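The structure under discussion appears below in the form of structure tokens.
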Protein chains: 2
Amino acid sequence: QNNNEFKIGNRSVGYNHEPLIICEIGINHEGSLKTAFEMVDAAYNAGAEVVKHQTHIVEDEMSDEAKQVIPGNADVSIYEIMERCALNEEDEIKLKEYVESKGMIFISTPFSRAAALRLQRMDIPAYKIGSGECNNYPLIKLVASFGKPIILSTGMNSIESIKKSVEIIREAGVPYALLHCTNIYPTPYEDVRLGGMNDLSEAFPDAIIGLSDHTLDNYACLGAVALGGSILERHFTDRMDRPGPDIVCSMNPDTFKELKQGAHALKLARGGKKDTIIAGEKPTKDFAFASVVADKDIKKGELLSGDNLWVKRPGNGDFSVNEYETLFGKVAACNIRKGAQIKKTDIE
Amino acid sequence: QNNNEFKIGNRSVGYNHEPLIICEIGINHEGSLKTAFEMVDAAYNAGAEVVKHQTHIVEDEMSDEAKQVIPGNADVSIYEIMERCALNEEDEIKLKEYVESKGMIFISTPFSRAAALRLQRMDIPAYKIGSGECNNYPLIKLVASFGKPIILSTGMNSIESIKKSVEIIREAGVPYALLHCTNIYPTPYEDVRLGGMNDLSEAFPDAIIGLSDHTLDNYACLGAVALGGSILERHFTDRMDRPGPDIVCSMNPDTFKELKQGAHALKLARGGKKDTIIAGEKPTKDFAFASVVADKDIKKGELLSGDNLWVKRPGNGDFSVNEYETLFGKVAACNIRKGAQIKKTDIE
Ligand SMILES: CC(=O)N[C@H](C=O)[C@@H](O)[C@H](O)[C@H](O)CO
Ligand SMILES: CC(=O)N[C@H](C=O)[C@@H](O)[C@H](O)[C@H](O)CO
Ligand SMILES: [Mn+2]
Ligand SMILES: [Mn+2]
């Protein structure tokens, strides 16, 4: 499919690498640092490599009007949701320390210029841009200027729209990933359109391609690995009985383990060429291919024909079924017994 | 991807249809009709639509040489294995009756001319050609002459080799499916090469494409549905404690149910276009897109610039973040308050 790669710290990312699962705890901690640590713990214990946060600073990321608009998966204002779940800088720093104290990579999504500038002071290894901010070219310009790689969610945007963000990233010269995404919480299967992944890499050949997902299970993310995705992102929780607008479409430690397992299998099985010769198939070839046999007794000097020849397993005959017809017209040099393979010495 | 379809009895098969799972009991019944019925039962009870058999007639399908060649997943001759598992015509007829008495479609794989002629007397709705016989053009010629659709496994064969079989099928004018396949029992993930599916449909645009599989689990078959497969075939057993050379890579009633479930989900999620507009995304668009706001107080008659403008959620502003730069140079008609959206009445 392709050979693009870049590193997030020490982790190589790309088609020829192990697909990377981003556990976004996001606002699932409900603004509690203690809950965020329990979620980071569940992710460590499940084998996660990367915890992603959301860096919310309510005054810089929304104007007064956001206190009157309700998101689709909640019933209060988006302003109220972020004032309730936002971690301040002192605690977000503690989150990053904790995540790395558990051996894992911390990245986050900035929603504002102030949030973007806070993460650069923390010196995170790479930056996630969410689907809302995929058309936020002034913000993309700022993050790309930090010189880290950029993982850009691409939901709710067209190729034409994304191309303007991608020109900005290329200009800064940082490597980048494009994540196909659908921003309904949760997302019906029929709205995933995994074909959108091929569309994205056909439109931008230099990009790592993966999927951000908000369906109820793993099927979409597994399908994306089969298609060549290198990065899979689901929301993450320690347990499903947590409160919060994104908990519903999150994975828990067990389903992460399923996803990590399917991702590994499909990383091996995907791709390749039809025509490749698999050495392990040879004993099956040798016994199951057909060889040309006599279909009846054939007298010395009689002509071989489609009436006195046929084909039978196994494959060690002098003439393969591929050469069946080239024996027509040839003359019997011996008496040939019915059911015997046609040997070269059976014809003049 | 494509729009090809044909029917197996009453079941429509193709990309725009529900993917079809073939439960091949094969030689798992170990030659026992009573065991074959227990396997047909487990398949009915699990929700199967199609039971596939293998139609073995040891004298017509192999010569004397097959009593000296051992298949890779066993330790006796292929001749011995088939003499032990082969159902005679009286019992194979009873199998087909039973399978249809349970509401299901019976198809089988012929391995010989006699086997092919037995199935036409039974008047099966479609024919499976296994990977061993994919280069058996004289046998393919005979089966295609029966006028039923043909599902052709394509393991251990190149595109160039398959093309000769496909010319034969097209000539008879029956619709056909191509199944990508790897004939190692069982098959490591790394040998599946799911890309071979795209290769097959790129080489033959009129064919239904699916996968025949012999890996240990469902990951491959799920990946094939994500890629657009319409037909999935695994070996089938009622329980895993059965004896036999193919039991190992078979599915049981539970894992079939998993596969049928993943197949249904990935049938919905696969395909589509990136640029499609998902109506359900609109509330997220309205709250998460940014609008141009004043970044500082701006005096009446001052010029708007990248220093006094910025962008903030939500999306109901007069100017989208897409129009951010077109506001540069415009003149303030009012006093504009810091943090307020730029309204059209704020500029001359
Ligand atoms: C558009 C957007 O930013 N969506 C976020 C996911 O990345 C969500 O986590 C929202 O913050 C959340 O669903 C609001 O209820
Ligand atoms: C090449 C071939 O015919 N393989 C069959 C599957 O379709 C197997 O079921 C074999 O009959 C079996 O594995 C022999 O041990
Ligand atoms: Mn998300
Ligand atoms: Mn098989």
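Computed from heavy atoms alone, side chains included, the values below leave out hydrogens, waters and symmetry copies. A, B, ... follow the sequence lines: proteins, then strands. Residue 1 opens every chain.
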**Request:** Show the numbers, then the answer: is there a salt bridge (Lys or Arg N to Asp or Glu O under 4.0 Å) between B:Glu80 and B:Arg84?
**Result:** CA-CA 6 Å; B:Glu80 187 168 338; B:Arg84 190 225 310 141; over 6 Å; no
**Message:** Assess, by modelled atom type and distance only, whether the side chains of B:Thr154 and B:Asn157 contain a donor and an acceptor separated by less than 3.5 Å.
**Reply:** no
**Message:** Between B:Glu65 and B:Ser63, is there a side-chain donor-acceptor contact under 3.5 Å, judged purely by atom types and distance?
**Reply:** yes
**Request:** Name all residues meeting the salt bridge (charged side-chain N to carboxylate O under 4.0 Å, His left out) criterion together with A:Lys330; count only those two or more places apart in sequence or in a different chain, and write none if there are none.
**Result:** none
**Message:** Less than 3.5 Å apart, any donor N or O on the side chain of B:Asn183 or B:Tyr185 sitting next to an acceptor on the other?
**Reply:** yes
**Message:** Side chains of B:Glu92 and B:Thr55 only: does a donor on one sit below 3.5 Å from an acceptor on the other?
**Reply:** yes
**Test log, rule side chain to side chain donor-acceptor pair (under 3.5 Å), inputs B:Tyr176 and B:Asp206** = CA-CA 8 Å; B:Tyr176 73 105; B:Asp206 54 333; 2.9 Å; yes
**Item:** Basic-acidic side-chain contact under 4.0 Å: B:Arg270, A:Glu190
**Value:** no
**Prompt:** Counting only N and O atoms by type, is there a donor-acceptor contact under 3.5 Å from the side chain of A:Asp275 to the main-chain atoms of B:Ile159?
**Reply:** yes
**Request:** Please report the closest heavy-atom contact between A:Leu303 and A:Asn308, naming both atoms and the distance.
**Result:** O-ND2, 2.9 Å
**Asked** Residues in side chain to side chain contact (heavy atoms under 4.5 Å, CB included) with B:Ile105, at least two apart?
**Response** B:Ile8, B:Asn10, B:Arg11, B:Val50, B:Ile107, B:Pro125
**Item:** Side-chain donor-acceptor contact under 3.5 Å, A:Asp307 with A:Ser305
**Value:** no
**Residues A:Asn316 and B:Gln68: side-chain donor-acceptor under 3.5 angstrom** = no
**Asked** Is there side-chain contact between B:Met104 and B:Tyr44, with heavy atoms separated by less than 4.5 Å?
**Response** yes
**Request:** May I have the step-by-step check of side chain to side chain donor-acceptor pair (under 3.5 Å) for B:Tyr137 and B:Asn135, ending in yes or no?
**Result:** CA-CA 6 Å; B:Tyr137 312 118; B:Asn135 68 348; 5.9 Å; no
**Request:** Check salt bridge (charged side-chain N to carboxylate O under 4.0 Å, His left out) between A:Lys273 and all other residues, then give those that pass, not counting sequence neighbours.
**Result:** B:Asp199
**Passing option when A:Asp346 is tested against A:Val331, A:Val292, A:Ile336 for side-chain contact (heavy atoms from CB on, under 4.5 Å)** = A:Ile336
**Asked** What is the ring orientation for B:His214 with B:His235, classed by angle as parallel under 30°, tilted 30 to 60°, or perpendicular over 60°?
**Response** tilted
**Complete:** Tightest non-hydrogen contact, residues B:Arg118 and B:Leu87, listed as NH1-O, 3.4 Å
**Asked** Are side-chain heavy atoms of B:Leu20 and B:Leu232 found at a separation under 4.5 Å?
**Response** no
**Prompt:** Would a 4.5 Å heavy-atom cut-off, applied to side chains only, mark B:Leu259 and B:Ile21 as touching?
**Reply:** yes
**Check ion pair B:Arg113-A:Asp295 (N to O, under 4.0 angstrom)** = yes
**Asked** Would you say B:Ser77 and B:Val69 make side-chain contact, with heavy atoms under 4.5 Å?
**Response** no
**Asked** Can you name the closest pair of heavy atoms from B:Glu233 and B:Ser212 and give their distance?
**Response** OE2-OG, 3.0 Å
**Message:** Looking at every heavy atom in both B:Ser108 and B:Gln54, which two are closest together, and how far apart are they?
**Reply:** OG-N, 3.5 Å
**Asked** Which class fits the ring pair B:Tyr127 and B:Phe146: parallel under 30°, tilted 30 to 60°, perpendicular over 60°?
**Response** tilted
**Message:** Under 4.0 Å between a side-chain nitrogen and a carboxylate oxygen: does that hold for B:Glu89 and B:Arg121?
**Reply:** yes
**Asked** What heavy-atom pair brings B:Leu211 and B:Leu179 nearest, and what distance separates the two atoms?
**Response** N-CD2, 4.0 Å
**Item:** Full working for side chain to side chain donor-acceptor pair (under 3.5 Å) between A:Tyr324 and B:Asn136
**Value:** CA-CA 9 Å; A:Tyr324 177 59; B:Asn136 193 324; over 6 Å; no
**Asked** Does the side chain of A:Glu281 come within less than 4.5 Å of B:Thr182's, by heavy atoms?
**Response** yes
**Asked** Is a side-chain N or O of B:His56 found less than 3.5 angstrom from the main chain of B:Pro110, in a donor-acceptor match?
**Response** no
**Prompt:** Are B:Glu49 and B:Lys260 close enough, and set up right, to give a salt bridge (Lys or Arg N to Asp or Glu O under 4.0 Å), and what steps lead you there?
**Reply:** CA-CA 11 Å; B:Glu49 315 177 66; B:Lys260 193 180 188 185; 5.2 Å; no
**Asked** Within 45° of the ring axis of B:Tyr15 and under 6.0 Å from its six-membered ring centre, is that where the NZ or CZ of B:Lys267 lies?
**Response** yes
**Request:** Could you verify whether a donor N or O on one side chain and an acceptor N or O on the other, from B:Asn252 and B:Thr237, lie under 3.5 Å apart?
**Result:** no
**Asked** Would you call the rings of B:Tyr98 and B:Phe37 parallel, tilted or perpendicular if under 30° counts as parallel and over 60° as perpendicular?
**Response** parallel
**Message:** Between B:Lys163 and B:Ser158, is there a side-chain donor-acceptor contact under 3.5 Å, judged purely by atom types and distance?
**Reply:** no
**Prompt:** Judged by modelled atom types alone, do A:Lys312 and A:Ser291 share a side-chain donor-acceptor pair under 3.5 Å?
**Reply:** no
**Request:** Taking all non-hydrogen atoms of both residues into account, name the closest pair between B:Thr215 and B:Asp217 and its distance.
**Result:** OG1-O, 3.2 Å
**A:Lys274 side chain near B:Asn198 side chain, heavy-atom distance below 4.5 Å** = no
